[PDB]
Every structure is written in C-alpha cells, then in structure tokens.
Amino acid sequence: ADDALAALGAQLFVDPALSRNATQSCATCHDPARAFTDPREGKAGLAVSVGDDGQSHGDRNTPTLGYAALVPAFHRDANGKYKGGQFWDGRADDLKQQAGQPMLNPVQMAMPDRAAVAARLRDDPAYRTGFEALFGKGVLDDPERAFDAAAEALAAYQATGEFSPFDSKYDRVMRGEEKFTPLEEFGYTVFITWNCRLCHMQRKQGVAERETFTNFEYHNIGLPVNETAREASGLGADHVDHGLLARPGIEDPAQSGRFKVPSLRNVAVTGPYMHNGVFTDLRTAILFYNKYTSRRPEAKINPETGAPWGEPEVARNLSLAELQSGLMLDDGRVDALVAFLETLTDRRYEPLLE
C-alpha cells in the first residue's frame, strides 16, 4: 500500500509519457537535483518554465516540491485568513488535487484529457501491474480512475521523507547536534525578532514540531511584474495576476494580489524568487522588504536592475501592518539573514550552495 503507492508515484514522476509529445515529466520542471525546481533556461531565463511543446512559457516560477506535503489543505481559519492549499495562489486544495493539473495544462505537459493520460499508462506493462496491485484490475481502462490513481500516487510520492527530510543544518542545530555560526545565529535571531517571523513561521507562539518557515497564509507583499517572464508567458501586458483571488470560490477582493507564503526551506538553491521569479538573487528578495521600512534612496531601487523595483502588480491589500515594521535591515542583518536562510538547505543540496 503506502510504500508501493509512493513507488508508483516515483515512476510516474519521471515519466515523460505523461506529456503530449512525451518530452516532459514532472521531474523536467521539478528537477530533483535542483530541490525540485527547473534548472532549464528559457526566454525569461529561470523565472518561468517551458512546456512540452517547447514554446509555451508559464507566468509563474516553478516552486520546489520539498516540504509541500507539510502544507495543510486549503481552508479559511477562524480569524478569516485563508491558509494552505497548493500553487502560489492556493487554487488547488492539496497535493492530490494539484497533481493532474500539469498533465492537462496545454502550457505544461499538454495531454489533451484524462483518457489520453490513461492510454499512455496502458502502453506500459509495468503500469498495468503497478496500478492494478494498488487500485485493482482495470484501473487503467477507466480514465477517471486512472488519472485519480496517478494523482494519488504522485501525492503519496511527494509525502515521502525524500521530499521533506528535515536534515538541514537548521534541523541539526535544533536537535542539539550542531551549532549555528555566529552569523547564522544572528540571522536566526533577526529572523525571529523582525517581521519575517510574522509570516515565515508555522505558529504564532510555542514551538513547531516540523517547522517549514511559512504560516501558510496569503499575503500581498507588493511585488512588481516580471516584465520578461510576463512577455514570455504571452498572457499580455494588460494581464494582472490576482493571486489568491484566482482560486475558484474566492470572491473577496481583499484577497487580490495575495500569494501563499512559500516555505523558506531550500530557498538558497531555488532561485529565482517570488511567485514570478522576478528576483534572481536571494539577497535581492530580502532587500525588497526594506522598501517598506527604509527611508533611504537605495531602498527604492532593485539592486539587480538599478531601476526602481516597480509599482505593485497589485497595489491594494498590501500587508502593510506587517511590512511597515518601522525598522530597516542593514547590510549586516541582510548578510545574517542570507546565512540563516542557507541553513534551511536540505543536506543533499548543501553541495549546490555555489
């Protein structure tokens, strides 16, 4: 059952047969060697990913799958804050619900429908054995059950310890196995006393058992459009990415421009950053937060472009209460934060830190 389901998902995950031209698997964009993100250079660099047809670019940055299985299913909590879900806009409830969507998305894996997904599954004798042992005889002859089963296998694969090993230095330090360096401890202290912890910590107080450095909420931090990614996505220069509000069922205009607080785990190796991969450097992403706190000229300017950050793609619902902290991060605290953030790199990616 649970091993075997996940092993099935493991097959599917790397199988380009689930793409129209059979040129792309999940693993093409969520490359395990790149904390399950897309190392492939496209028109907008690494901001966005290219689909199976070799032309179509998405309009959002491919996120890591690492630790995505710790995100609760999408729900509105008693304070009226939306939490959890999958995708940058929480439009998928959970992993299972998310898994079939790349397969059928014409700008990603581009399979025409569930039936064509099922037919590719029937081509492979290994799948007929694998899927039948777990979900019963004839499962692949029924497109719905086939596609749901593929989705469940994928979700189960993503829930394995491989995707969320909690073996970062931060983890070893919290178990008393290791000590942070001075700079990393400074970084941590800053992280938990400054505004970051207001959103990139699981809990408001007390101690999380499996901290993933997100509270799973939705916030508009006022980011600009990634012009070249937006050009590449072909959604047009008139387009506005409304974030959470694009989730079907969410109607509240207070949610326009809000995106899910990403886990900062492996953040050091999953550039570029933000939902549109607008920032190539981690340091830049940290610096962006100073635009709300710092009175200095250098705070209005994206150090990667030398030009002003740009106006928010969505100018309302900014989380100003959290972002206008009254204190700006000096260079040493930015260093400290980068250091701390790098401690959240899973063991197997520590080699990628250069």
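Residue numbers here begin at 1 and follow the sequence given.
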Highest mean C-alpha temperature factor of the two stretches 241-249 and 214-222, which is it?
241-249
Identify the stretch, either 62-70 or 40-48, whose C-alpha atoms have the larger mean B-factor according to the entry.
40-48
From the list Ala78, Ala150, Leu121, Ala156, select the residue with the highest C-alpha B factor recorded in the entry.
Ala78
For the C-alpha B-factor as written in the entry, point me to the maximum among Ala307, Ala321, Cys29, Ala35.
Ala307
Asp330's Cα B-factor: lowest, middle or highest third of the chain?
highest
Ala22: C-alpha B-factor third of its chain, per the entry, is the highest
Report the third (lowest, middle or highest) to which the CA temperature factor of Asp94 belongs, ranking only the modelled residues of the same chain.
lowest
Can you tell me whether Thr181 has a C-alpha B-factor in the lowest, middle or highest third compared with the other modelled residues of the same chain?
highest
Comparing against every modelled residue in the chain, figure out the third that the C-alpha B-factor of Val269 lands in (lowest, middle or highest).
middle
